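**Student:** Counting from 120, one number per residue, gives the positions in the sequence shown under the entry's author numbering.
Here it is: the structure, laid out below.
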Amino acid sequence: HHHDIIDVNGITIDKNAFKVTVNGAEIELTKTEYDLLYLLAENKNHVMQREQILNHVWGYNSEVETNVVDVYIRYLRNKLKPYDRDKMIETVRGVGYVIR
Ligand SMILES: [Mg+2]
Ligand SMILES: [Mg+2]
Ligand code: NA
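Below you can see the structure in the form of structure tokens.
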């Protein structure tokens, strides 16, 4: 076990850097979930096609199956659900995903 959060010399450092702040609390993510959320958020109101999300989050050269995007959208929605934030991630069937 590693201490979740450490304070030393007035510096606060969390074991897991990939957290976002919501309602005075924190949602704890993985790198890939965090990068996916960032992408969608930076592209608010602009629908992102699955292949574009794949390129930006997993890499233009990636050998991963494109449906990994759908998998991680589900993981991210599940992370947002306890904070009633999941509906911000909308599916555009046959295109991709968007935050409005
Ligand atoms: Mg951080
Ligand atoms: Mg943070
Ligand atoms: Na969490």
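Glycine included, C-beta positions come from ideal geometry on N, C-alpha and C.
Straight-line CA distance for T140 to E184?
**Tutor:** In the sequence shown, the residue the question calls residue 140 occupies position 21. In the sequence shown, the residue the question calls residue 184 occupies position 65. Cα to Cα, the separation comes out at about 31 angstroms.
**Student:** Enumerated in chain order, which unbroken segments of the alpha helix (DSSP H) with a length of 4 residues or greater are wholly contained in the stretch 132-165?
**Tutor:** 150-161
**Student:** Should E170 be labelled buried (16 or more other beta-carbon atoms within 10 Å of its own) or exposed?
**Tutor:** The residue given as residue 170 occupies position 51 in the sequence shown. Result: exposed.
**Student:** Sort out for me which residues DSSP pairs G215 with in a bridge.
**Tutor:** For the purposes of this step, residue 215 is taken as residue 96 along the sequence shown, with counting starting at 1. BP columns for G215 point to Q168 and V211.
**Student:** So, for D189: in the same chain, excluding its five sequence neighbours on each side, which residues have a beta-carbon less than 8 angstroms away from its beta-carbon?
**Tutor:** Translated into positions along the sequence shown, residue 189 becomes position 70. Same-chain partners within the cutoff: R169.
**Student:** Taking only three categories from DSSP, how would you classify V183?
**Tutor:** The sequence position of residue 183 within the sequence shown is 64, counting from 1. Residue state, collapsed to three classes: coil.
**Student:** Is the stretch 172-184 close to the stretch 194-207, with three or more CB pairs under 8 angstroms?
**Tutor:** no
**Student:** Taking DSSP as the reference, what is the three-state secondary structure of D203?
**Tutor:** Residue 203 sits at position 84 when you count from the first residue of the sequence shown. Coil.
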